[PDB]
file upload-v6.cif (mmCIF, C-alpha atoms and all ligand atoms)
data_data
loop_
_atom_site.label_atom_id
_atom_site.label_comp_id
_atom_site.auth_asym_id
_atom_site.auth_seq_id
_atom_site.Cartn_x
_atom_site.Cartn_y
_atom_site.Cartn_z
CA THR A 1 0.00 0.00 0.00
CA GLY A 2 2.67 2.50 1.08
CA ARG A 3 0.35 5.22 2.46
CA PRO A 4 1.97 8.63 3.22
CA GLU A 5 1.51 8.26 7.00
CA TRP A 6 3.40 4.94 7.35
CA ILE A 7 6.72 6.61 8.25
CA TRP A 8 5.03 8.20 11.28
CA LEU A 9 3.50 4.83 12.15
CA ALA A 10 6.97 3.27 11.94
CA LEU A 11 8.40 5.97 14.21
CA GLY A 12 5.67 5.58 16.83
CA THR A 13 6.15 1.80 16.79
CA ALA A 14 9.88 2.24 17.38
CA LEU A 15 9.57 4.80 20.18
CA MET A 16 6.78 2.88 21.95
CA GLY A 17 8.74 -0.35 21.63
CA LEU A 18 11.97 1.14 22.98
CA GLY A 19 10.13 2.87 25.81
CA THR A 20 8.41 -0.36 26.77
CA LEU A 21 11.71 -2.29 27.04
CA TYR A 22 13.46 0.40 29.06
CA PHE A 23 10.57 0.53 31.53
CA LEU A 24 10.34 -3.27 31.64
CA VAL A 25 14.08 -3.66 32.40
CA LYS A 26 13.96 -0.86 34.99
CA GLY A 27 10.81 -2.33 36.52
CA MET A 28 12.07 -5.89 37.10
CA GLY A 29 15.12 -4.64 38.94
CA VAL A 30 13.15 -2.70 41.58
CA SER A 31 12.20 -4.62 44.74
CA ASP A 32 9.81 -2.09 46.32
CA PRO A 33 6.18 -3.35 46.08
CA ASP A 34 4.61 0.04 45.33
CA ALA A 35 7.33 0.86 42.79
CA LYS A 36 6.58 -2.47 41.14
CA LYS A 37 2.90 -1.46 40.99
CA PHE A 38 3.62 1.78 39.14
CA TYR A 39 6.19 0.09 36.93
CA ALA A 40 3.76 -2.58 35.79
CA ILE A 41 1.05 -0.05 34.93
CA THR A 42 3.44 2.36 33.17
CA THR A 43 5.15 -0.36 31.10
CA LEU A 44 1.84 -1.81 29.91
CA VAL A 45 0.73 1.58 28.55
CA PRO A 46 3.41 1.87 25.78
CA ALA A 47 3.23 -1.92 25.24
CA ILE A 48 -0.42 -1.72 24.10
CA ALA A 49 0.38 1.37 22.01
CA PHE A 50 3.29 -0.47 20.35
CA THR A 51 1.14 -3.45 19.33
CA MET A 52 -1.49 -1.15 17.79
CA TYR A 53 0.98 1.17 16.02
CA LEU A 54 2.55 -2.00 14.68
CA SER A 55 -0.82 -3.37 13.49
CA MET A 56 -1.66 -0.07 11.80
CA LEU A 57 1.83 -0.07 10.32
CA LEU A 58 0.98 -3.52 8.90
CA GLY A 59 -2.37 -2.50 7.43
CA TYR A 60 -4.88 -3.23 10.18
CA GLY A 61 -7.06 -0.92 12.24
CA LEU A 62 -8.03 1.05 9.13
CA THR A 63 -11.53 1.43 7.72
CA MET A 64 -13.21 3.59 5.04
CA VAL A 65 -16.20 5.44 6.47
CA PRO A 66 -18.50 7.26 4.03
CA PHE A 67 -19.52 10.87 4.69
CA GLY A 68 -19.08 14.32 3.14
CA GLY A 69 -19.30 12.62 -0.24
CA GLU A 70 -15.98 10.81 0.30
CA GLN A 71 -14.74 7.40 1.39
CA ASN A 72 -12.84 8.57 4.45
CA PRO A 73 -9.90 6.63 6.01
CA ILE A 74 -10.57 6.13 9.72
CA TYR A 75 -7.93 4.43 11.89
CA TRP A 76 -10.05 2.67 14.51
CA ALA A 77 -7.10 0.79 15.95
CA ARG A 78 -6.41 4.00 17.89
CA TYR A 79 -9.42 3.64 20.19
CA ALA A 80 -8.52 -0.02 20.80
CA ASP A 81 -5.29 1.44 22.17
CA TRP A 82 -6.75 4.41 24.11
CA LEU A 83 -9.62 2.37 25.56
CA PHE A 84 -7.04 0.66 27.81
CA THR A 85 -4.25 3.27 27.86
CA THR A 86 -6.24 6.30 29.03
CA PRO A 87 -7.80 4.60 32.12
CA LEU A 88 -4.36 3.15 32.99
CA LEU A 89 -2.73 6.62 32.94
CA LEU A 90 -5.60 7.85 35.14
CA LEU A 91 -4.87 4.99 37.54
CA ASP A 92 -1.19 5.97 37.73
CA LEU A 93 -2.29 9.49 38.75
CA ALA A 94 -4.95 8.12 41.14
CA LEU A 95 -2.56 5.83 42.98
CA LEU A 96 -0.09 8.72 43.27
CA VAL A 97 -2.39 11.04 45.27
CA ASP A 98 -4.17 8.15 47.00
CA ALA A 99 -7.51 8.85 45.31
CA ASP A 100 -10.58 6.95 46.58
CA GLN A 101 -12.15 3.92 44.90
CA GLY A 102 -15.25 5.92 43.98
CA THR A 103 -13.09 8.58 42.32
CA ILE A 104 -11.16 5.96 40.32
CA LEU A 105 -14.32 4.17 39.24
CA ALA A 106 -15.81 7.46 38.08
CA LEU A 107 -12.64 8.50 36.22
CA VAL A 108 -12.34 5.13 34.48
CA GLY A 109 -16.03 5.12 33.59
CA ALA A 110 -15.77 8.64 32.16
CA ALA A 111 -12.76 7.53 30.14
CA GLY A 112 -14.78 4.62 28.76
CA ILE A 113 -17.54 6.96 27.60
CA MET A 114 -15.01 9.36 26.08
CA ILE A 115 -13.42 6.66 23.92
CA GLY A 116 -16.68 4.86 23.19
CA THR A 117 -18.59 7.89 21.94
CA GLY A 118 -15.40 8.99 20.19
CA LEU A 119 -15.26 5.85 18.06
CA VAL A 120 -19.03 5.84 17.47
CA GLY A 121 -18.44 9.35 16.13
CA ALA A 122 -15.48 8.40 13.94
CA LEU A 123 -17.75 5.67 12.51
CA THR A 124 -21.01 7.66 12.08
CA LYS A 125 -22.09 8.16 8.45
CA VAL A 126 -24.20 11.31 8.95
CA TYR A 127 -21.64 14.12 8.84
CA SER A 128 -23.26 16.46 11.40
CA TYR A 129 -23.88 13.60 13.86
CA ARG A 130 -20.18 12.80 13.90
CA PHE A 131 -19.87 16.14 15.73
CA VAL A 132 -22.72 15.34 18.13
CA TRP A 133 -20.78 12.31 19.40
CA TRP A 134 -17.50 14.23 19.32
CA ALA A 135 -19.25 16.79 21.55
CA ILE A 136 -20.24 14.22 24.21
CA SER A 137 -16.78 12.67 24.16
CA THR A 138 -15.20 16.10 24.74
CA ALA A 139 -17.69 16.81 27.54
CA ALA A 140 -16.56 13.56 29.18
CA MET A 141 -12.91 14.56 28.86
CA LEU A 142 -13.51 17.94 30.44
CA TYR A 143 -15.06 16.06 33.37
CA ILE A 144 -11.90 13.98 33.76
CA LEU A 145 -9.59 17.03 33.53
CA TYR A 146 -11.73 18.94 36.01
CA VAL A 147 -11.39 16.07 38.51
CA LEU A 148 -7.64 15.85 37.91
CA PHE A 149 -7.21 19.63 38.38
CA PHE A 150 -9.70 20.29 41.17
CA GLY A 151 -10.02 16.90 42.84
CA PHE A 152 -6.63 15.20 42.65
CA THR A 153 -4.39 18.26 43.05
CA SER A 154 -6.29 18.81 46.28
CA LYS A 155 -5.58 15.31 47.64
CA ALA A 156 -1.97 15.45 46.47
CA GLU A 157 -1.63 18.04 49.25
CA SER A 158 -1.86 15.32 51.90
CA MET A 159 1.22 13.81 50.27
CA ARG A 160 4.86 14.86 50.61
CA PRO A 161 6.10 17.81 48.50
CA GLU A 162 8.11 15.35 46.40
CA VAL A 163 4.91 13.41 45.61
CA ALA A 164 2.80 16.55 45.24
CA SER A 165 5.39 18.10 42.91
CA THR A 166 5.66 14.99 40.69
CA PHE A 167 1.88 14.92 40.36
CA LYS A 168 1.71 18.61 39.35
CA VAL A 169 4.08 17.84 36.43
CA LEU A 170 2.27 14.69 35.34
CA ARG A 171 -1.02 16.54 35.87
CA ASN A 172 0.20 19.45 33.71
CA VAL A 173 1.63 17.30 30.92
CA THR A 174 -1.72 15.47 30.86
CA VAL A 175 -3.93 18.59 30.78
CA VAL A 176 -1.85 19.99 27.93
CA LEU A 177 -1.61 16.82 25.83
CA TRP A 178 -5.15 15.52 26.35
CA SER A 179 -6.71 18.89 25.44
CA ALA A 180 -4.96 18.58 22.09
CA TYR A 181 -6.59 15.33 20.95
CA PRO A 182 -10.13 16.73 20.44
CA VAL A 183 -8.76 19.57 18.31
CA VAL A 184 -6.71 17.21 16.10
CA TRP A 185 -9.80 15.01 15.58
CA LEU A 186 -11.95 18.03 14.70
CA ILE A 187 -9.68 19.51 11.99
CA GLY A 188 -8.31 16.14 10.83
CA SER A 189 -9.64 13.12 8.92
CA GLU A 190 -12.38 12.30 11.43
CA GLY A 191 -13.74 15.83 11.27
CA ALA A 192 -13.39 18.84 8.97
CA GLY A 193 -10.81 17.04 6.87
CA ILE A 194 -8.66 20.17 6.81
CA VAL A 195 -5.43 18.56 8.00
CA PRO A 196 -4.38 15.60 5.80
CA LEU A 197 -3.98 12.11 7.29
CA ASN A 198 -0.17 11.98 6.99
CA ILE A 199 0.19 15.23 8.98
CA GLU A 200 -2.62 14.06 11.29
CA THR A 201 -0.79 10.79 12.00
CA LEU A 202 2.33 12.84 12.88
CA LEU A 203 0.46 14.98 15.43
CA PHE A 204 -1.06 11.93 17.09
CA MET A 205 2.29 10.10 17.45
CA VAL A 206 3.88 13.20 19.02
CA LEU A 207 0.98 13.35 21.46
CA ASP A 208 0.81 9.59 22.05
CA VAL A 209 4.59 9.24 22.57
CA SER A 210 4.74 12.29 24.86
CA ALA A 211 1.72 11.21 26.90
CA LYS A 212 3.00 7.65 27.46
CA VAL A 213 6.82 7.46 27.21
CA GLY A 214 7.23 11.09 28.28
CA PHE A 215 4.81 10.58 31.17
CA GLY A 216 6.47 7.26 32.06
CA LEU A 217 10.02 8.68 32.12
CA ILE A 218 8.99 11.52 34.43
CA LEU A 219 7.03 9.23 36.76
CA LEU A 220 9.39 6.24 36.87
CA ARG A 221 12.47 8.36 37.54
CA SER A 222 10.83 9.99 40.57
CA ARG A 223 11.07 8.79 44.16
CA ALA A 224 7.35 9.44 44.68
CA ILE A 225 6.59 5.90 43.42
CA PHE A 226 8.08 4.34 46.55
CA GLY A 227 5.93 2.86 49.32
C1 LIG B 1 -1.81 7.37 25.06
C2 LIG B 1 -3.02 8.06 24.70
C3 LIG B 1 -3.59 9.09 25.40
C4 LIG B 1 -3.07 9.72 26.66
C5 LIG B 1 -4.81 9.52 24.72
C6 LIG B 1 -5.62 10.54 25.15
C7 LIG B 1 -6.76 10.70 24.24
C8 LIG B 1 -7.72 11.64 24.45
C9 LIG B 1 -7.77 12.63 25.60
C10 LIG B 1 -8.73 11.60 23.41
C11 LIG B 1 -9.85 12.38 23.27
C12 LIG B 1 -10.95 12.43 22.25
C13 LIG B 1 -11.92 13.43 22.51
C14 LIG B 1 -12.04 14.44 23.61
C15 LIG B 1 -13.12 13.61 21.54
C16 LIG B 1 -12.98 13.01 20.14
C17 LIG B 1 -12.28 11.69 20.07
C18 LIG B 1 -11.05 11.45 20.99
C19 LIG B 1 -11.16 9.95 21.44
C20 LIG B 1 -9.85 11.63 19.97
#

call {"tool": "encode", "arguments": {"input": "upload-v6.cif", "output": "structure tokens"}}
result
Amino acid sequence: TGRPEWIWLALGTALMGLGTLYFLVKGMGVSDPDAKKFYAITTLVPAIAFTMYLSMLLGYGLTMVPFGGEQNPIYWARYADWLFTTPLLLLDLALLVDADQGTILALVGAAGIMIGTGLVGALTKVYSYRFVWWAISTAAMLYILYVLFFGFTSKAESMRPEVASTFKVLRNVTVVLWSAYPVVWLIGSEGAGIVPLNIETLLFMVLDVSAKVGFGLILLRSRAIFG
């Protein structure tokens, strides 16, 4: 096939793969129980992303949805990735500030809606309805970010400054990266179709790699992960 976005798919596969192995090797050396906990969640994140970037690289996770008078290329393998990677990143942040079980359940549920309605939207054939679903997904995301900024940050204050300060960074990198996804979807292939797929794939890999491997490096190199 040789689609124009494959080079970006091959770069995301490489970065995710390398990041997985570094975390894995660093994780099986640590003896601390809590550290092990964080290491196992943070290594699984880029491991799932790697398998999906690799599948997309190989021609899977791609479907042609009809709307706007075109046969539009929608990479659904992405939501198969995010359906398990977003709630896992939320768990890393939840365990860090000692969030409650109700909070975690509500954040994971919200994340499920966000990705579910997102895909339903990327698959919808009525152009205007694609944006109705997009709208609900975004509203779910704003709920998650609100909790992370108002809820979590507040409970991270019962932690030590080292733990509170690591959370602020992970919390900030998350608020900045996550807010970007809905905009890329809106002006990209799933939405307006203003930004071409090849460029769109490049934006997503920079966001995906930063949000997982970038997030993992910051978190796993900190002492806040220790029991
Ligand atoms: C490793 C992947 C990460 C951290 C992905 C985060 C993805 C989002 C915050 C995605 C959000 C979306 C919306 C708000 C609405 C439209 C569709 C999505 C799923 C692209």

call {"tool": "residues_near_point", "arguments": {"input": "upload-v6.cif", "point": "(2.3, 0.8, 29.1)", "cutoff": "10 Å", "atoms": "all atoms listed in the file", "output": "list in words"}}
result
residues 16, 17, 19, 20, 23, 24, 39, 40, 41, 42, 43, 44, 45, 46, 47, 48, 49, 50, 84, 85, 88, 89, 212, 213 and 216 of chain A

call {"tool": "closest_residue", "arguments": {"input": "upload-v6.cif", "among": "A:198, A:61, A:93, A:220", "to": "residue A:25", "atoms": "all atoms listed in the file"}}
result
A:220

call {"tool": "residues_near_ligand", "arguments": {"input": "upload-v6.cif", "ligand": "ligand LIG 1 (chain B)", "cutoff": "6 Å", "atoms": "all atoms listed in the file", "output": "list in words"}}
result
residues 82, 85, 86, 115, 118, 134, 137, 138, 141, 178, 181, 182, 185, 208, 211 and 212 of chain A

call {"tool": "atom_distance", "arguments": {"input": "upload-v6.cif", "atom1": "atom CA of residue A:106", "atom2": "atom CA of residue A:177"}}
result
21.0 Å

call {"tool": "closest_residue", "arguments": {"input": "upload-v6.cif", "among": "A:18, A:227, A:97, A:38", "to": "residue A:161", "atoms": "only C-alpha atoms"}}
result
A:97

call {"tool": "residues_around", "arguments": {"input": "upload-v6.cif", "residues": "residue A:2", "least_positions_apart": "5", "cutoff": "12 Å", "atoms": "only C-alpha atoms", "output": "PDB file with C-alpha atoms, keeping the file's coordinate frame"}}
result
ATOM      1  CA  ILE A   7       6.720   6.610   8.250  1.00  0.00           C
ATOM      2  CA  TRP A   8       5.030   8.200  11.280  1.00  0.00           C
ATOM      3  CA  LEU A   9       3.500   4.830  12.150  1.00  0.00           C
ATOM      4  CA  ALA A  10       6.970   3.270  11.940  1.00  0.00           C
ATOM      5  CA  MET A  56      -1.660  -0.070  11.800  1.00  0.00           C
ATOM      6  CA  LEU A  57       1.830  -0.070  10.320  1.00  0.00           C
ATOM      7  CA  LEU A  58       0.980  -3.520   8.900  1.00  0.00           C
ATOM      8  CA  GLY A  59      -2.370  -2.500   7.430  1.00  0.00           C
ATOM      9  CA  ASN A 198      -0.170  11.980   6.990  1.00  0.00           C
TER      10      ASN A 198
END

call {"tool": "residues_around", "arguments": {"input": "upload-v6.cif", "residues": "residue A:171", "least_positions_apart": "5", "cutoff": "9 Å", "atoms": "all atoms listed in the file", "output": "PDB file with C-alpha atoms, in the coordinates of the input"}}
result
ATOM      1  CA  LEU A  93      -2.290   9.490  38.750  1.00  0.00           C
ATOM      2  CA  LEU A 145      -9.590  17.030  33.530  1.00  0.00           C
ATOM      3  CA  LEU A 148      -7.640  15.850  37.910  1.00  0.00           C
ATOM      4  CA  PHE A 149      -7.210  19.630  38.380  1.00  0.00           C
ATOM      5  CA  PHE A 152      -6.630  15.200  42.650  1.00  0.00           C
ATOM      6  CA  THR A 153      -4.390  18.260  43.050  1.00  0.00           C
ATOM      7  CA  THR A 166       5.660  14.990  40.690  1.00  0.00           C
ATOM      8  CA  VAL A 176      -1.850  19.990  27.930  1.00  0.00           C
TER       9      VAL A 176
END

call {"tool": "residues_around", "arguments": {"input": "upload-v6.cif", "residues": "residue A:127", "least_positions_apart": "4", "cutoff": "9 Å", "atoms": "all atoms listed in the file", "output": "compact mmCIF listing (two decimals) with C-alpha atoms, in the frame of the given file"}}
result
# COMPACT_ATOMS: atom_id res chain seq x y z
CA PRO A 66 -18.50 7.26 4.03
CA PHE A 67 -19.52 10.87 4.69
CA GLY A 68 -19.08 14.32 3.14
CA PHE A 131 -19.87 16.14 15.73
CA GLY A 191 -13.74 15.83 11.27

call {"tool": "residues_around", "arguments": {"input": "upload-v6.cif", "residues": "residue A:186", "least_positions_apart": "6", "cutoff": "10 Å", "atoms": "all atoms listed in the file", "output": "PyMOL selection string"}}
result
chain A and resi 130-131+134+192-195

call {"tool": "atom_distance", "arguments": {"input": "upload-v6.cif", "atom1": "atom CA of residue A:76", "atom2": "atom CA of residue A:170"}}
result
27.0 Å

call {"tool": "atom_distance", "arguments": {"input": "upload-v6.cif", "atom1": "atom CA of residue A:30", "atom2": "atom CA of residue A:224"}}
result
13.8 Å

call {"tool": "residues_around", "arguments": {"input": "upload-v6.cif", "residues": "residue A:205", "least_positions_apart": "2", "cutoff": "9 Å", "atoms": "only C-alpha atoms", "output": "list in words"}}
result
residues 8, 9, 11, 12, 200, 201, 202, 203, 207, 208, 209 and 210 of chain A

call {"tool": "closest_residue", "arguments": {"input": "upload-v6.cif", "among": "A:52, A:122, A:62, A:91", "to": "residue A:188", "atoms": "all atoms listed in the file"}}
result
A:122
